[PDB]
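Here is how the chains run, residue by residue.
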Amino acid sequence: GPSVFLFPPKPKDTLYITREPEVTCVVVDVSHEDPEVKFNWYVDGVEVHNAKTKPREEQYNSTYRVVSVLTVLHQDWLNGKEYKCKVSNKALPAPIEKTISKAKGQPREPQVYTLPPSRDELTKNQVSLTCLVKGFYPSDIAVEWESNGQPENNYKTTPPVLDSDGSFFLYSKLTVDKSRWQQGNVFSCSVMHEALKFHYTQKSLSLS
Amino acid sequence: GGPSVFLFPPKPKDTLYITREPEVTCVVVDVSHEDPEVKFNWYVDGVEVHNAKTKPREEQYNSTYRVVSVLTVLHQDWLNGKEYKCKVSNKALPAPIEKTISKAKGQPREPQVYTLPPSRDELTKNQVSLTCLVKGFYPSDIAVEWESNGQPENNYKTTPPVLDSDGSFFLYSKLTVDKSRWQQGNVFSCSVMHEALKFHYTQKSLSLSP
Amino acid sequence: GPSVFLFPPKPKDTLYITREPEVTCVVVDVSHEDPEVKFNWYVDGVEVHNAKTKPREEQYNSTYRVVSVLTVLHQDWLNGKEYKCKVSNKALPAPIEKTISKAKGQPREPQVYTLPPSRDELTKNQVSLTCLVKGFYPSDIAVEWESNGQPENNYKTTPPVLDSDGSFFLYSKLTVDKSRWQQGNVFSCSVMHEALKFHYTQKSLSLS
Ligand SMILES: *[C@@H]1O[C@H](CO)[C@@H](O[C@@H]2O[C@H](CO)[C@@H](O[C@@H]3O[C@H](CO)[C@@H](O)[C@H](O[C@H]4O[C@H](CO)[C@@H](O)[C@H](O)[C@@H]4O[C@@H]4O[C@H](CO)[C@@H](O)[C@H](O)[C@H]4NC(C)=O)[C@@H]3O)[C@H](O)[C@H]2NC(C)=O)[C@H](O)[C@H]1NC(C)=O
Ligand SMILES: *[C@@H]1O[C@H](CO[C@@H]2O[C@@H](C)[C@@H](O)[C@@H](O)[C@@H]2O)[C@@H](O)[C@H](O)[C@H]1NC(C)=O
Ligand SMILES: *[C@@H]1O[C@H](CO[C@@H]2O[C@@H](C)[C@@H](O)[C@@H](O)[C@@H]2O)[C@@H](O)[C@H](O)[C@H]1NC(C)=O
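Residues numbered from 1 in each chain as written, not as in the entry; some residues may be left out. Chains lettered and ligands numbered in written order. Heavy atoms only, no water. Residues with missing side-chain atoms left out of burial classes, pairs and counts.

- As deposited, the entry is annotated with X-ray crystallography as its determination method and 2.10 Å as its resolution.

**Focus: the site of ligand 3**
All names here are of chain C.
Logical step 1: By nearness alone, every residue bordering ligand 3 is listed as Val-28, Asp-29, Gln-59, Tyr-60, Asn-61 and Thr-63.
Logical step 2: For ligand 3, a nitrogen atom lies 2.7 Å from a polar atom in the side chain of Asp-29.
Logical step 3: Between ligand 3 and the protein, one listed contact pairs an oxygen atom with a side-chain N or O atom of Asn-61 at 2.3 Å.
Logical step 4: With the chains in place, 38% of the 530 Å² that ligand 3 exposes on its own is no longer accessible.
Logical step 5: Taken together, the residues of the shell around ligand 3 sort by class into two nonpolar, three polar and one charged. (Near = heavy atom within 4 Å. Polar contact = N/O pair within 3.5 Å; in protein donor to acceptor, adjacent residues only side chain to side chain. Areas by Shrake-Rupley, 256 points an atom, 1.4 Å probe, with all protein chains shown as cover. Nonpolar A, V, L, I, M, F, W, Y, C, P; charged D, E, K, R; others polar.)

**Focus on the sheet that holds strand β17 (residues 187-192) of chain C**
Residues and elements named next belong to chain C.
Logical step 1: Strand order in the open sheet formed by four strands is β13-β12-β17-β18, and the pairing between neighbours is antiparallel. The strands lining the two open edges of the sheet, one partner per strand, are β13 (150-152) and β18 (200-205). Taking the axes of each pair of neighbouring strands and ignoring which way they run, one obtains an average angle of 35° across the sheet.
Logical step 2: In this structure, strand β12 (residues 142-147) lies alongside β13, joined through three bridges in antiparallel fashion. Opposite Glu-146, over in β13, you have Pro-151 as the bridge partner. (Pairing = 2+ DSSP bridges. Helix = DSSP H or I, 4+ residues; strand = E, 2+ residues; numbered from the N terminus. Axes fitted to C-alpha atoms, helices over the stretch in contact; angles between N-to-C directions.)

**Examining the interface of chain B and chain A**
Logical step 1: On the side of chain A, 28 residues touch chain B, which itself brings 27 residues to the contact.
Logical step 2: Regarding the contact of chain B and chain A, the summed buried area is about 2,200 Å², with carbon and sulfur atoms giving 61% of it.
Logical step 3: When the buried surface of chain B facing chain A is broken down by residue, B:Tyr114, B:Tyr172 and B:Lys174 rank first, second and third, together holding 26% of it.
Logical step 4: Seen at the junction of chain B and chain A, the total is four salt bridges.
Logical step 5: With a shortest N-O distance of 3.6 Å, B:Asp121 and A:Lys203 are connected by a salt bridge.
Logical step 6: The tally of links from chain B across to chain A stands at seven residue pairs in polar contact.
Logical step 7: Listed by contribution, the elements that provide at least two residues to the side of chain B that touches chain A are β10 (112-116), β11 (127-137), β14 (156-158), β15 (162-163) and β16 (169-178) of chain B.
Logical step 8: Of the residues assigned to the side of chain B that touches chain A, the class counts are 10 nonpolar, nine polar and eight charged. (Contact = heavy atoms within 4.5 Å. Buried area = accessible area lost by both parts, 1.4 Å probe. Salt bridge = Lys/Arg side-chain N within 4 Å of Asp/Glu carboxyl O.)

Spelled out as structure tokens, the structure:
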């Protein structure tokens with residue numbers, strides 16, 4: 001301390017005109033002895049002044065947390081612009097600098113595959129519906145589930161995992177009551193990624 | 001300023017296999033060139049032990065040393081929750097640094113293992129994905145491998161454990177095989193080792209269905 | 001003078017990770033005049049200090065028995081490490097050293113075969129399920145039975161028998177109610193051995 005963490009936008013914030021992507025600069029372990037924090041922001045090395053800095057917030061471990069948020073243009077993030085947060089504090093020998101950008105490398109479109117429950121799981125009261133998303137680059141991605149136009153919320157999805165060919169994959173597991181699966185209800189896995197056309201794709205799954 | 005200590009647990013394949021040696025690893029970084037010697041004292045449930053293995057120091061790029069001591073733990077001791085303490089002494093430290101490590105606490109829960117064949121739409125590709133779903137296990141320490149007709153198979157990747165809504169963990173392991181190997185009827189096996197299994201091992205097989 | 005006997009661990013203590021294998025150094029004929037006994041222990045020539053010495057026990061013939069117990073690492077015993085107990089006593093002209101190790105020789109993987117009851121045994125209220133385990137080396141092995149994820153405890157296993165080719169074989173007999181066998185219940189013979197892949201294999205048996 002003080003230490004700085006620079007966070008990227010959320011994957012869905014970059015992909016839809018609907019949402020506002022922005023980069024977040026977090027300073028932790030600010031001592032009560034040195035409460036002042038100054039933020040300077042750079043986009044491709046050019047100083048910018050539109051960042052919104054919040055007032056310091058006291059933490060339970062008797063240190064301050066200070067957050068500055070820079071609202072980022074959609075196309076700028078996807079085109080690989082560089083965002084640098086410069087953090088100044090009197091307890092620092094020199095200011096702390098962090099830089100973030102989207103991963104470089106040619107984007108690769110995710111391949112989406114839905115997998116029904118394993119035969120041995122059909123014995124249980126609730127079954128697992130699986131969505132395999134593989135071969136995508138970069139790793140920023142979002143996955144959701146629906147049934148009959150309505151969102152399904154009983155799902156958990158793994159973080160991206162680096163594959164042997166340089167792309168990423170993950171799995172999403174949706175849990176439903178077995179009865180819903182044998183009624184023949186249709187379930188859909190939704191994937192959001194910059195390499196998809198219109199940044200969206202869908203794959204459905206139902207009893208065969 | 002000063003050396004820092006990091007204490008690492010044994011790995012789940014070392015702990016669960018009788019022929020391997022599970023080890024607790026005590027790592028000291030930021031060891032200076034002027035005072036490079038590090039003395040390690042090890043304790044199991046507070047009693048000093050003397051079987052630790054000293055590794056050769058390794059010079060780092062920022063002109064400091066990394067110094068490591070490795071304690072082999074009894075298989076049954078680690079699984080019974082004994083506490084392992086590494087005490088690190090160095091002439092640049094005003095007082096020795098102590099770190100303690102133990103196995104994750106909580107009621108153990110047995111993994112459920114399910115194999116999933118490739119998606120119908122993936123069969124058009126030259127390579128297909130065999131999926132192993134491992135769920136409902138606690139703690140998260142687990143090992144997963146793949147075999148083919150009993151033989152080790154290595155083009156697989158396994159996700160990290162993910163916390164489920166009920167407090168247990170799950171993961172997926174993905175094996176990639178040539179379509180022709182799947183279409184020949186070869187049997188593929190997902191093998192998992194976990195402390196909550198009887199015999200600490202279980203396997204589920206998968207092959208082309210008629 | 002005193003005599004020393006060095007005993008190996010119990011074979012199943014080495015094959016189960018939750019069990020504790022130990023080598024035991026026993027000294028008998030320790031005199032009343034020279035009661036002091038010192039133990040030094042070595043693993044592959046390296047002295048170790050974790051041995052537990054028991055208190056002297058006076059015997060009926062007016063001599064002492066003194067025992068020291070060394071816990072061996074599972075992998076150390078199985079990898080063929082050599083254990084030396086060195087015993088010093090003032091009545092000995094020179095210390096007595098005893099060495100013990102696992103049987104050497106190429107490990108050979110067990111072949112596991114299940115055998116249903118003989119037709120003539122079906123007249124009885126209880127039947128014998130047989131597990132034949134053959135061709136294994138060394139003779140250290142463990143056999144258990146399960147049904148439907150649960151242990152079956154009504155079994156007995158023969159000791160290993162040396163076969164004509166230098167390997168060992170044994171038989172395990174599980175006794176079950178005939179009705180359980182005729183219901184189609186599946187029974188499994190589980191064996192643990194260092195030469196098996198994953199040190200484990202299982203063979204099932206049910207009404208044909
Ligand atoms: C007082 O209480 C506050 C609570 O607010 C604490 O603040 C917390 O401080 C934590 C650090 O002490 C923060 O933890 C970080 O959280 C990030 C979570 O996203 C995470 O990304 C960070 O992980 C990186 O840095 C770690 C080192 O600190 C590494 O262990 C880790 O592997 C990560 O390292 C990066 O790795 C990638 C590749 O994988 C590299 O590309 C990066 O360059 C690496 N980063 C580098 C080298 O810097 C870390 O876990 C936590 O966010 C924060 N909480 C909040 C709400 O802000 C104070 O610590 C606490 N202080 C005391 C004294 O109690
Ligand atoms: C000094 O450098 C050590 C080396 O750590 C490794 O190498 C550097 C270059 C990075 O890649 C780092 O992420 C690696 O883990 C560090 O162990 C040590 O913390 C460093 N100490 C200081 C004070 O910088
Ligand atoms: C003295 O006796 C020691 C103990 O004898 C053994 O244990 C007792 C409990 C009896 O069961 C006895 O029959 C056993 O043989 C022996 O270890 C030792 O050899 C004996 N020595 C002499 C000289 O008699």
